[PDB]
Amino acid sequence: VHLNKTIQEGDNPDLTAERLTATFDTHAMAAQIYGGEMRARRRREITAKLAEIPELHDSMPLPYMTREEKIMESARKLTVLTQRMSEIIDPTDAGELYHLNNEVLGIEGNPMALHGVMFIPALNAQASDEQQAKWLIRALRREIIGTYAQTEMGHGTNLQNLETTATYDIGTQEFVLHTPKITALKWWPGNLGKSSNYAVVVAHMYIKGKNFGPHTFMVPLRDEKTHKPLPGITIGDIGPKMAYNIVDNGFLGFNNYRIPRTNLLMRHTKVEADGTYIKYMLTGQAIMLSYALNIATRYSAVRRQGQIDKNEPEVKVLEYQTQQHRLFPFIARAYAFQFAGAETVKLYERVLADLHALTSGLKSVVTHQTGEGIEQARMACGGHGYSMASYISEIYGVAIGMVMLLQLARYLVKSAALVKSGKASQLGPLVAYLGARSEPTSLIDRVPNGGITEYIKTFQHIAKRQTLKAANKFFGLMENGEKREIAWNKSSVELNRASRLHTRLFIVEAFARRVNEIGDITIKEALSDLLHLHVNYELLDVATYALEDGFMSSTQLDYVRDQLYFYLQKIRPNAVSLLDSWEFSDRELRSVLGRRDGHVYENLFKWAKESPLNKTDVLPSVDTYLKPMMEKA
């Protein structure tokens, strides 16, 4: 074998050439990505086992299909799954189930996406033992299809702004559910429009005229025999979307819809008859980014276009510094997000507040940067990237789908207020860098180190400076007599910059922490190169804040630029292998341009010839119109 385990006999030599320069075992790196050799190996085994079960394959390429054909096809494979799933995976393992759903069901949705993601978790957390026996067992056994219904046409975020009401009728020990206005319709919950016959519904609970706030209710939506909407229910699909169109996102409305008292989920809240009241997404974005970069980098290895040296043949587009600049920094982010994800789990289980605030900034920054990199990846493909044969446009649309940052801003201002009042020592571990002293300048290129740590210290400085600066603007406006909320709005762009910089600092530290923990020397040097590209690209991307107070000099910025272009060149021999280490099959990746074998051009021609418009040589638009038009002329 070669170090790159994805090489095969007959693979486009242009691609194989990029794999043969690998300096590390791609199986070892896969273990590092997915958290152990056993987890990496089980992914590959699951992939091999599916190859032997064609009843679970895409019946035809998904871009060929209409939305109606995708939903039927997804429903078909779903039924085969519930039957054959145990021959392939261990169903208790989330991870094997996630991977199985990627190979079989893809990224565009399925009719039970929210059954396992929201509906069942909600019954674990909120429903009482007695209630779980009745409803959770049926969900687990796929006797019912359900979803979680919270956001409303006019109010998506805050639970405290919802309008749907659940009024307790003491006289009939029932809860009355009502959608008082159009803006109170449940709107967006996946699989609510057509697939689910039950839903856990959030509504404000009223007893004797008092609002006890948001609670959750088990709500029958459709008759279990006929599947038609029950009396009082208004329910349907919200229409087509930019992507993710296999999911039937729903609208839902109630006209004085009555449910029993005991359909209130009552694990932590009780309402008695008389009325008495007693009281992972990150690794998803990483994979999406890695999908698109697999496609664009592999394509860039086989696509030859233009000359550098005019005495030499046309070069792979992977050869241009401009093309490396638009791909390789986003390979680094993909790994950085994955390790930031593992870190938050490691920290979440070390909670045997710093974390919930940081969680907000991550979901936002990771999603924005993933989108930027995916769209960079599509453009790196040139015109062919525009085709659904690249599939990057659908990857973009699924991955991409302001209050998270301002939640972190509140925490950062509260933290800044601790500093300015001499209470630096009360800061949580994740925000203590705010209370620390900066040296007069960055010591990048001015102190020998082997050390990313001078980069981390620079990121700590600018993130700290922007937080204290944005917090001071907010405080200054109040000291001048602005109302608190108006001073906050007038400061809010600056406070978001602070929140992003805090979040991006965490992603760097988490990346660096992982590289330090690795013992395998070839794995460590390859990720060390990735990390060195990361910190230079990110520091350059936020250079304004370092330069603004003299903390960084023009000379040091030229060093960072020289380092950036060096590590582009340094990563190139490993670029394809770093992406092969994520180990996506074709059946999972669903991209002609990103085929494992590199045989783009012959398979792009098969793909086009067999695409729907080519069923007949003469289209109906030419039969009915157009040809009668030419004849008349």
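Note that residue numbering follows the sequence shown and begins at 1.
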Chain break class at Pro313/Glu314 - deposited residues not modelled:
none
Between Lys279 and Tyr280, how many deposited residues lack coordinates (none, 1 to 3, 4 to 9, 10 or more)?
10 or more
Comparing 476-484 with 188-196, the one whose average Cα B-factor in the PDB entry is higher
476-484
Mean CA temperature factor from the deposited coordinates, higher in 222-230 or in 525-533?
222-230
The largest CA temperature factor among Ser74, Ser300, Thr359, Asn294 is found at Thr359
Please work out which residue in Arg504, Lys241, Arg267, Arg561 has the highest C-alpha B-factor recorded for this crystal structure.
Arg267
With respect to C-alpha B-factor, does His115 fall in the lowest, middle or highest third of the chain as deposited?
middle
Looking at the entry's B-factor column for C-alpha atoms only, identify whether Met630 ranks in the lowest, middle or highest third of its chain.
highest
For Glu52, does the deposited CA B-factor place it in the lowest, middle or highest third of the chain?
highest
In terms of the chain's CA B-factor thirds, is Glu538 lowest, middle or highest?
lowest
How does the C-alpha B factor of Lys609 compare with the rest of the chain: lowest, middle or highest third?
middle
